[PDB]
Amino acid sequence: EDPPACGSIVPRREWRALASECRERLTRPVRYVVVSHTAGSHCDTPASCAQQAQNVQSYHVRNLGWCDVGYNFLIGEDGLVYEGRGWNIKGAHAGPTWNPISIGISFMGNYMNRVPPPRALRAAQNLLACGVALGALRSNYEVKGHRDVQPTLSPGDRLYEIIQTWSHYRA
């Protein structure tokens, strides 16, 4: 409840995910959200994004031998969320301490030198309130930048700068 919805996420089958092999569960309501980037190419259409989400997965599963793409959800510059490991499965995105207690969402692109467009930002915002509404995320969830829990440049200077201002951001 409320039955109304969450909605507007591209399902795995629809971007043609390879089947996941992951079996580890997050405990809902999940306290933490970690915001990463692909550091990769971005994509501004559902056709390229679905392909991009695909490439990201191919890296993690094929090259790295992982169970599935590492993130719970991915965000496109086309303004749409891509189902990754989803609300219920532990991602592989922020280390053995943050993985079991957070949702990892990754913007598809390199935001060291670019700001992700407004619609990508809206998509992430709506995805998170989506999560609250479902009970997947605590009403007072905390948003962390990837670099805050792991040594890395992601989510990129520009993007890290933007999230730092979000309501649910925590030092």
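Throughout, rigid core stands for the largest set of C-alpha atoms superposing within 1.5 Å between the two forms. Position 1 is the first residue in the sequence shown; the rest follow in order.
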**Item:** Farther-lying stretch by C-alpha RMS in 8 other deposited structures of this protein, rigid core as reference, of 154 to 162 and 6 to 14
**Value:** 6 to 14
**Prompt:** Looking only at CA atoms, which has the higher mean B factor in the entry: 48 to 56 or 128 to 136?
**Reply:** 48 to 56
**Message:** So, looking at the entry's B-factor column for Cα atoms, which has the higher mean, 138 to 146 or 104 to 112?
**Reply:** 104 to 112
**Prompt:** Per the entry, which of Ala123, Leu26, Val69, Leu64 tops the list for Cα B factor?
**Reply:** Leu64
**Asked** Looking at the C-alpha B-factor of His37, is it in the lowest, middle or highest third of its chain?
**Response** middle
